[PDB]
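Undergrad: So that we are looking at the same thing, I have put the structure below in structure tokens.
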Amino acid sequence: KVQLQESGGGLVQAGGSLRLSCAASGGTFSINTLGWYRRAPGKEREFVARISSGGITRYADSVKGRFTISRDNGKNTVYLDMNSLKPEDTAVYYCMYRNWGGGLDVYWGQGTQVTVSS
Amino acid sequence: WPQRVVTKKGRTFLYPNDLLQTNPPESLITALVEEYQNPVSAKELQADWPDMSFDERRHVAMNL
């Protein structure tokens, strides 16, 4: 009863700038924390960026200053503006929908591939 | 103003003052520790609360 469809992403060369977007439906949005997790080829899910319902951004140290996360209430979409990408940022990027209410359920997206070469 | 609130699930907090704090209403912490038997979620609630909006703060307290 909660849909997370991610778009964007692809193959870019170092120094590029890609944009990921994730759209939620089936529940509330304005009163929800959304974010992005990424899993490298051989690693495990890793925190990238968070944005709360109050609009408060948390970033991982490696991506801080480069990546920028924003949300669009009324469009039910969260945007991750990646800048100055690097080969290490190659990973599958998953969307996050952090809703409390019942007692904290966490929902993920299917994933979007991002590959940085050169 | 300020009126003590009893939510459906039988939690108590002082509206709105208990929602205008860095910490969530102590009733919600206890509920998550003892009733839900999940202390890590209670400590995970403490981390989200400061960054939450007022509407989410109210919504959470009403339905937890």
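Going by the structure tokens order, chains are called A, B, ..., each with residues numbered from 1, while ligands are numbered from 1 in the order shown.
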Which residues of chain B are close to chain A, meaning at most 6 Å apart when you count only C-alpha atoms, and how do they look as JSON, numbers by chain?

TA: {"B": [51, 52, 53, 56, 60, 63, 64]}

Undergrad: Determine, counting only C-alpha atoms, which protein, DNA and RNA residues have an atom within 12 Å of an atom of residue 46 of chain B; residues of the same chain fewer than 5 positions away are not included. Present the result as a VMD selection string.

TA: chain B and resid 21 to 26 28 to 30 32 39 to 41 51 to 52 57

Undergrad: How many Å separate atom CA of residue 109 of chain A from atom CA of residue 14 of chain A?

TA: 25.6 Å

Undergrad: Run DSSP on the backbone and grab whatever in segment 6-62 of chain B lands in strand (DSSP E or B); send it over as an MDAnalysis selection string.

TA: chainID B and resid 6 12:15

Undergrad: Neighbours of residue 25 of chain A within 8 Å (only C-alpha atoms; same-chain residues fewer than 4 positions away dropped), as a PyMOL selection string?

TA: chain A and resi 1-4+29+76

Undergrad: Next, dump the selected residues to file, keeping only C-alpha atoms, as a compact mmCIF listing (two decimals), in the first residue's frame.

TA:
```
# COMPACT_ATOMS: atom_id res chain seq x y z
CA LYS A 1 0.00 0.00 0.00
CA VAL A 2 3.11 2.18 -0.38
CA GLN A 3 4.78 2.54 -3.78
CA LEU A 4 8.34 3.77 -4.34
CA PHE A 29 4.29 12.11 2.55
CA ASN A 76 5.39 13.26 -3.45
```

Undergrad: Which residues come within 10 Å of residue 18 of chain A, counting only C-alpha atoms, excluding same-chain residues fewer than 2 positions away, as a list in words?

TA: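 Near neighbours after the sequence-gap exclusion: residues 8, 9, 10, 11, 12, 13, 15, 16, 20, 67, 80, 81, 82, 83, 84, 85 and 114 of chain A.
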
Undergrad: Could those selected residues go to a file with N, CA, C and O atoms, as a PDB file, in the first residue's frame?

TA:
```pdb
ATOM      1  N   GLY A   8      15.547   8.246 -13.158  1.00  0.00           N
ATOM      2  CA  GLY A   8      16.870   8.793 -13.363  1.00  0.00           C
ATOM      3  C   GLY A   8      17.938   7.720 -13.226  1.00  0.00           C
ATOM      4  O   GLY A   8      17.677   6.516 -13.282  1.00  0.00           O
ATOM      5  N   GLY A   9      19.165   8.186 -13.051  1.00  0.00           N
ATOM      6  CA  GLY A   9      20.297   7.302 -12.930  1.00  0.00           C
ATOM      7  C   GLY A   9      20.724   6.722 -14.267  1.00  0.00           C
ATOM      8  O   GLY A   9      19.962   6.658 -15.231  1.00  0.00           O
ATOM      9  N   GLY A  10      21.983   6.301 -14.312  1.00  0.00           N
ATOM     10  CA  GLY A  10      22.544   5.689 -15.500  1.00  0.00           C
ATOM     11  C   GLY A  10      24.052   5.570 -15.439  1.00  0.00           C
ATOM     12  O   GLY A  10      24.608   5.178 -14.409  1.00  0.00           O
ATOM     13  N   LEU A  11      24.720   5.912 -16.539  1.00  0.00           N
ATOM     14  CA  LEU A  11      26.172   5.859 -16.641  1.00  0.00           C
ATOM     15  C   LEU A  11      26.681   7.264 -16.926  1.00  0.00           C
ATOM     16  O   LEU A  11      26.256   7.895 -17.900  1.00  0.00           O
ATOM     17  N   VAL A  12      27.588   7.747 -16.077  1.00  0.00           N
ATOM     18  CA  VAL A  12      28.187   9.066 -16.223  1.00  0.00           C
ATOM     19  C   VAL A  12      29.693   8.924 -16.058  1.00  0.00           C
ATOM     20  O   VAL A  12      30.193   7.942 -15.506  1.00  0.00           O
ATOM     21  N   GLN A  13      30.418   9.921 -16.552  1.00  0.00           N
ATOM     22  CA  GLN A  13      31.865   9.968 -16.422  1.00  0.00           C
ATOM     23  C   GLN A  13      32.255  10.867 -15.255  1.00  0.00           C
ATOM     24  O   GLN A  13      31.528  11.796 -14.894  1.00  0.00           O
ATOM     25  N   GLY A  15      33.384  13.487 -12.583  1.00  0.00           N
ATOM     26  CA  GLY A  15      33.105  14.906 -12.628  1.00  0.00           C
ATOM     27  C   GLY A  15      31.710  15.265 -13.092  1.00  0.00           C
ATOM     28  O   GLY A  15      31.361  16.453 -13.082  1.00  0.00           O
ATOM     29  N   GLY A  16      30.904  14.287 -13.490  1.00  0.00           N
ATOM     30  CA  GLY A  16      29.579  14.549 -14.007  1.00  0.00           C
ATOM     31  C   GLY A  16      28.601  14.947 -12.915  1.00  0.00           C
ATOM     32  O   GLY A  16      28.957  15.237 -11.772  1.00  0.00           O
ATOM     33  N   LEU A  20      18.808  11.730  -9.199  1.00  0.00           N
ATOM     34  CA  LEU A  20      17.883  10.657  -8.882  1.00  0.00           C
ATOM     35  C   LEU A  20      16.628  11.238  -8.249  1.00  0.00           C
ATOM     36  O   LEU A  20      16.686  12.221  -7.506  1.00  0.00           O
ATOM     37  N   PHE A  67      26.874  15.759  -2.881  1.00  0.00           N
ATOM     38  CA  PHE A  67      25.478  15.406  -3.089  1.00  0.00           C
ATOM     39  C   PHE A  67      24.562  16.361  -2.333  1.00  0.00           C
ATOM     40  O   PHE A  67      24.912  16.889  -1.274  1.00  0.00           O
ATOM     41  N   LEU A  80      17.707  13.609  -5.296  1.00  0.00           N
ATOM     42  CA  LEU A  80      19.105  13.532  -4.881  1.00  0.00           C
ATOM     43  C   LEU A  80      19.969  14.051  -6.026  1.00  0.00           C
ATOM     44  O   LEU A  80      20.168  13.351  -7.026  1.00  0.00           O
ATOM     45  N   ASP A  81      20.485  15.270  -5.878  1.00  0.00           N
ATOM     46  CA  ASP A  81      21.303  15.913  -6.908  1.00  0.00           C
ATOM     47  C   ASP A  81      22.768  15.598  -6.632  1.00  0.00           C
ATOM     48  O   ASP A  81      23.391  16.203  -5.756  1.00  0.00           O
ATOM     49  N   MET A  82      23.322  14.657  -7.389  1.00  0.00           N
ATOM     50  CA  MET A  82      24.711  14.250  -7.227  1.00  0.00           C
ATOM     51  C   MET A  82      25.603  15.107  -8.115  1.00  0.00           C
ATOM     52  O   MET A  82      25.276  15.353  -9.281  1.00  0.00           O
ATOM     53  N   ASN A  83      26.727  15.563  -7.562  1.00  0.00           N
ATOM     54  CA  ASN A  83      27.655  16.415  -8.286  1.00  0.00           C
ATOM     55  C   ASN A  83      29.079  15.947  -8.034  1.00  0.00           C
ATOM     56  O   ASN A  83      29.410  15.462  -6.949  1.00  0.00           O
ATOM     57  N   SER A  84      29.922  16.097  -9.055  1.00  0.00           N
ATOM     58  CA  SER A  84      31.325  15.699  -8.975  1.00  0.00           C
ATOM     59  C   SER A  84      31.442  14.223  -8.601  1.00  0.00           C
ATOM     60  O   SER A  84      32.182  13.842  -7.691  1.00  0.00           O
ATOM     61  N   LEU A  85      30.695  13.388  -9.315  1.00  0.00           N
ATOM     62  CA  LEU A  85      30.688  11.963  -9.023  1.00  0.00           C
ATOM     63  C   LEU A  85      32.092  11.378  -9.153  1.00  0.00           C
ATOM     64  O   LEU A  85      32.986  11.959  -9.773  1.00  0.00           O
ATOM     65  N   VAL A 114      23.728   3.231 -10.829  1.00  0.00           N
ATOM     66  CA  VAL A 114      24.553   4.404 -11.086  1.00  0.00           C
ATOM     67  C   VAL A 114      25.991   3.925 -11.217  1.00  0.00           C
ATOM     68  O   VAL A 114      26.518   3.277 -10.304  1.00  0.00           O
TER      69      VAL A 114
END
```
